[PDB]
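Chemist:
2 protein chains.
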Amino acid sequence: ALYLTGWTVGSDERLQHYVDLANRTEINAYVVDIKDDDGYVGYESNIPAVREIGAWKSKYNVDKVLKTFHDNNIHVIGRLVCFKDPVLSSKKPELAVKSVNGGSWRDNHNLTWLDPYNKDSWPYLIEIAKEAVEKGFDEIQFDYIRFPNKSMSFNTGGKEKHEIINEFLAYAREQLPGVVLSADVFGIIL
Amino acid sequence: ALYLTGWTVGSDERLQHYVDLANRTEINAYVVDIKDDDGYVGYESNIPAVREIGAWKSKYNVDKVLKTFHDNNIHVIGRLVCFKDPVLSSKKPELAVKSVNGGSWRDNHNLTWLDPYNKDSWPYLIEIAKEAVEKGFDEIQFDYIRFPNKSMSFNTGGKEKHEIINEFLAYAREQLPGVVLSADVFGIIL
Numbered sequence: 094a095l096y097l098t099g100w101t102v103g104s105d106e107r108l109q110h111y112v113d114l115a116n117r118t119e120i121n122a123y124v125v126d127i128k129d130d131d132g133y134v135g136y137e138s139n140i141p142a143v144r145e146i147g148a149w150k151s152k153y154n155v156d157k158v159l160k161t162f163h164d165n166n167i168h169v170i171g172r173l174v175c176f177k178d179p180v181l182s183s184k185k186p187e188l189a190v191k192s193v194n195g196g197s198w199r200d201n202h203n204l205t206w207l208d209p210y211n212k213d214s215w216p217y218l219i220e221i222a223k224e225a226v227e228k229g230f231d232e233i234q235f236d237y238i239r240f241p242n247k248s249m250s251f252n253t254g255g256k257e258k259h260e261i262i263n264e265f266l267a268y269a270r271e272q273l274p275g276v277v278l279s280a281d282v283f284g285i286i287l
Numbered sequence: 094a095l096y097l098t099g100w101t102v103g104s105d106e107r108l109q110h111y112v113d114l115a116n117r118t119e120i121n122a123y124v125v126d127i128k129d130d131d132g133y134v135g136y137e138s139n140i141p142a143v144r145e146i147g148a149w150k151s152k153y154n155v156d157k158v159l160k161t162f163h164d165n166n167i168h169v170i171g172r173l174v175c176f177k178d179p180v181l182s183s184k185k186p187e188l189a190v191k192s193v194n195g196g197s198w199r200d201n202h203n204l205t206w207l208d209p210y211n212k213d214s215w216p217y218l219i220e221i222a223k224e225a226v227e228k229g230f231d232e233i234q235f236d237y238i239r240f241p242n247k248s249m250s251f252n253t254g255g256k257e258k259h260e261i262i263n264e265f266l267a268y269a270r271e272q273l274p275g276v277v278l279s280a281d282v283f284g285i286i287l
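Spelled out as structure tokens, the structure:
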């Protein structure tokens, strides 16, 4: 029904507002950020790789947010931004999209992105999903399952861009058995 | 976005209710059915193939509904159910999923489905989408882009189920240039 940031749900006034709204209207589900495009998990993570590079913030208390929503019969979809991650791709530059001039490619906002071809980022993203499911998210929604928008350089292993993203989503499916996953195919078929 | 049936937006009181809701809240979009899983287009269609088999109903006045939503800055996603179509698959049985025993396959509710492998259904669905775009839908959301859940018979041409669906989505992409399309990949990556 509505997309809510981690900051929004981390406000008790705002959390109660969205509970009241769902209780008095047809709304019965929210999308809440797990990891937004800033590259930070929005609650305290216990995942060693996340804690090691500081890729989490106290935007909200995930246990309290999920309990409040569940108590009121509201479905909670966790939004997990994938390759638009300027934290992991800068903390671990081997994982970043490379420039033809060498070094990490930067977009018009001076940000680095993850290279989908580098499968070493995949377990990191999936572990974030797994932890979110353990906390209680009802569904995982993957966003930015794409390359950035002549100066990028890739080692493709002979796979087209749509094929490597499809491989990533198959990996996610295999690693998250029994979990409701969602993602837009027209972020892939372009 | 909240999901609205055709019948719902075809009621003037209900339409106004949902306008009021969007105006007073964070809601800025609705999904409205173009073609639901009953196999009828929810407004009067002028597509010859749709008219020929009676596959439309006056659930709502599409021009009035889109005008009212647009006048209020609400984005309207048109939902287009693809292969769960018991009307086209019964009226044109060559297009139906076949049974191994004989005849058209029927599900647990006694309904026939369209066979994704039969490409002669594809232009019918795309023409519905083209017509909705012409009326003013802002985005097309394809649903039931899947086979039904040992009794179905197919002529696959050597293609797997996920491959023929991707072919269908590629056809939609090519035939609907510049249109915002959406569909859930995990209705295809199983």
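Protein chains in written order, with the deposited numbering: chain A, 94 to 242, 247 to 287; chain B, 94 to 242, 247 to 287. Heads up, the beta-carbon is just placed ideally off N, CA and C, and yes, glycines get one too.
1. Give the residues of chain A in contact with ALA267 (chain B), contact being defined as C-beta atoms less than 7 Å apart.
2. Between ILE170 (chain A) and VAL125 (chain A), what straight-line distance do the alpha-carbon atoms span, to the nearest angstrom?
3. By the DSSP assignment, the beta strand (DSSP E) with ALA122 (chain B) in it spans what residues?
4. Hey, how far is the Cα of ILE286 (chain B) from the Cα of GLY284 (chain A)?
5. Helix or strand or just coil, what does DSSP make of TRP198 (chain A)?
6. Tell me the residue span of the beta strand (DSSP E) that contains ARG172 (chain B).
7. Going by the DSSP bridge assignment, what does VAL277 (chain A) pair with across the sheet?
8. Measure the alpha-carbon distance for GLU260 (chain A) versus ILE262 (chain B) and round it to whole angstroms.
9. Return the CA-CA distance between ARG144 (chain B) and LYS128 (chain B), expressed in angstroms with no decimal places.
10. If I follow the unbroken beta strand (DSSP E) through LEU97 (chain A), where does it start and stop?
11. Along chain A, in chain order, which residues have C-beta atoms closer than 8 Å to that of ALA280 (chain B)?
12. With a threshold of 9 Å between beta-carbons, can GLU106 (chain A) be considered close to chain B, or not?
13. Can you give the Cα-Cα distance for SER197 (chain B) and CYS175 (chain B), rounded to whole angstroms?
14. Does the region 95-107 of chain A come within contact of the region 177-189 of chain A, defined as at least 3 CB pairs closer than 8 Å?
15. When you compare the CB of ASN263 (chain B) with every CB in chain A, is at least one pair closer than 9 Å?
16. Taking 8 Å as the cut-off, does the region 107-115 of chain B touch the region 153-169 of chain B (at least 3 CB pairs, one atom from each stretch)?
17. With burial defined as no fewer than 16 other Cβ atoms inside 10 Å of the residue's Cβ, what is the status of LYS247 (chain A): buried or exposed?
18. So that I know if they touch, is there some Cβ in chain B lying closer than 9 Å to that of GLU119 (chain A)?
19. Could you compute how far the alpha carbon of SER279 (chain B) sits from the alpha carbon of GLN234 (chain A)?
20. Could you tell me the alpha carbon to alpha carbon distance between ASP131 (chain A) and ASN211 (chain B), rounded to whole angstroms?
21. Hey, is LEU114 (chain B)'s beta-carbon within less than 9 Å of any beta-carbon in chain A?
22. Have a look at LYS258 (chain B) and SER151 (chain A) and give me their C-alpha separation to the nearest angstrom.
23. According to DSSP, is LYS191 (chain B) helix, strand or coil?
24. So what's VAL180 (chain B) in DSSP terms, helix, strand or just coil?
25. Output, in chain order, the set of chain A residues within a Cβ distance shorter than 8 Å of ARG239 (chain B).
26. Could you say which of A:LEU204, A:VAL112 and A:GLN272 lies nearest to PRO186 (chain A) if we only look at CA atoms?
27. Quick one: what's got a C-beta closer than 6 Å to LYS256 (chain B)'s C-beta in the same chain, skipping five residues either side?
28. For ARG270 (chain B), go through chain A and note every residue whose CB falls closer than 9 Å to its CB, in chain order.
29. Nearest-angstrom Cα distance between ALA94 (chain B) and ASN166 (chain A)?
30. Would the beta-carbon of residue 307 (chain B) fall within 9 Å of that of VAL226 (chain B)?
31. Looking at the unbroken alpha helix (DSSP H) that takes in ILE261 (chain B), where does it start and where does it end?
Modeler: This is what the structure gives:
1. Here the question's residue 267 (chain B) lines up with position 170 in the second sequence. Residues of chain A passing the Cβ test: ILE286.
2. Taking the first sequence and counting its residues from 1, one reaches residue 170 (chain A) at position 77. Taking the first sequence and counting its residues from 1, one reaches residue 125 (chain A) at position 32. If you take the alpha carbons of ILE170 (chain A) and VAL125 (chain A), they lie about 6 Å apart.
3. Residue 122 (chain B) sits at position 29 when you count from the first residue of the second sequence. 122-128 is the span of the beta strand (DSSP E), which, as asked, contains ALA122 (chain B).
4. By 1-based counting over the second sequence, the position of residue 286 (chain B) is 189. By 1-based counting over the first sequence, the position of residue 284 (chain A) is 187. Distance between the alpha carbons of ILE286 (chain B) and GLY284 (chain A) is about 14 Å.
5. Position 105 of the first sequence holds residue 198 (chain A). Coil at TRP198 (chain A), not helix or strand.
6. Here residue 172 (chain B) is taken as the residue at index 79 of the second sequence, counted from 1. Per DSSP, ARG172 (chain B) belongs to the beta strand (DSSP E) from 168-174.
7. The sequence position of residue 277 (chain A) within the first sequence is 180, counting from 1. BP columns for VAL277 (chain A) are empty, so no partner.
8. Within the first sequence, the letter at position 163 stands for residue 260 (chain A). Within the second sequence, the letter at position 165 stands for residue 262 (chain B). Each residue's Cα considered, the two are about 15 Å apart.
9. Working through the second sequence from its first residue, we reach residue 144 (chain B) at position 51. Working through the second sequence from its first residue, we reach residue 128 (chain B) at position 35. Answer to the nearest angstrom: the Cα atoms are 14 Å apart.
10. By one-based count along the first sequence, residue 97 (chain A) stands at place 4. Start and end: 95-97.
11. Here the question's residue 280 (chain B) lines up with position 183 in the second sequence. Chain A residues near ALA280 (chain B): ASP281, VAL282 and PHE283.
12. Counting from 1 along the first sequence, the entry for residue 106 (chain A) is found at position 13. Chain B, which has no Cβ nearer than 9 Å to the Cβ of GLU106 (chain A), makes this no.
13. Reading the second sequence from its first residue, position 104 is the one you call residue 197 (chain B). Reading the second sequence from its first residue, position 82 is the one you call residue 175 (chain B). Those two C-alpha atoms are separated by around 18 Å.
14. no
15. Locating residue 263 (chain B) in the second sequence gives position 166, counting from the first residue. It does; some Cβ of chain A falls within 9 Å.
16. yes
17. Start at 1 with the first residue of the first sequence, and residue 247 (chain A) comes out as number 150. Under this definition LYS247 (chain A) is an exposed residue.
18. Taking the first sequence and counting its residues from 1, the one referred to as residue 119 (chain A) is at position 26. For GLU119 (chain A), the answer is yes, since a Cβ of chain B falls inside 9 Å of its Cβ.
19. Taking the first residue of the second sequence as position 1, residue 279 (chain B) is located at position 182. Taking the first residue of the first sequence as position 1, residue 234 (chain A) is located at position 141. Near 14 Å, if we compare the C-alpha coordinates of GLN234 (chain A) and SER279 (chain B).
20. Counting from one through the first sequence, the residue named residue 131 (chain A) turns up at place 38. Counting from one through the second sequence, the residue named residue 211 (chain B) turns up at place 118. So the two alpha carbons sit approximately 44 Å from each other.
21. If you number the second sequence from 1, residue 114 (chain B) lands on position 21. With 9 Å as the cut-off, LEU114 (chain B) counts as an interface residue toward chain A.
22. The sequence position of residue 258 (chain B) within the second sequence is 161, counting from 1. The sequence position of residue 151 (chain A) within the first sequence is 58, counting from 1. C-alpha separation (whole angstroms): 44 Å.
23. If you number the second sequence from 1, residue 191 (chain B) lands on position 98. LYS191 (chain B) falls in the strand class under three-state DSSP.
24. Walking along the second sequence from the start, residue 180 (chain B) turns up at place 87. Three-state result, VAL180 (chain B): coil.
25. By one-based count along the second sequence, residue 239 (chain B) stands at place 146. The contacting residues do not exist; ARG239 (chain B) stays about 12 Å from chain A at best.
26. As a working mapping, residue 186 (chain A) is identified with position 93 in the first sequence. When each option's Cα is compared against that of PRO186 (chain A), the closest is A:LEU204.
27. On the second sequence, residue 256 (chain B) is found 159 positions in, with the first residue counted as 1. Once the five neighbours on either side are set aside, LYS256 (chain B) has no close Cβ partner at all.
28. On the second sequence, residue 270 (chain B) is found 173 positions in, with the first residue counted as 1. The contacting residues are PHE283, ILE286 and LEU287.
29. Counted from its first residue, the second sequence places residue 94 (chain B) at position 1. Counted from its first residue, the first sequence places residue 166 (chain A) at position 73. Those two C-alpha atoms are separated by around 18 Å.
30. One cannot answer for residue 307 (chain B) here, as it falls past the ends of chain B, which runs 94 to 287.
31. Numbered from 1 along the second sequence, position 164 holds the residue referred to as residue 261 (chain B). First-last of the alpha helix (DSSP H) with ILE261 (chain B): 258-272.
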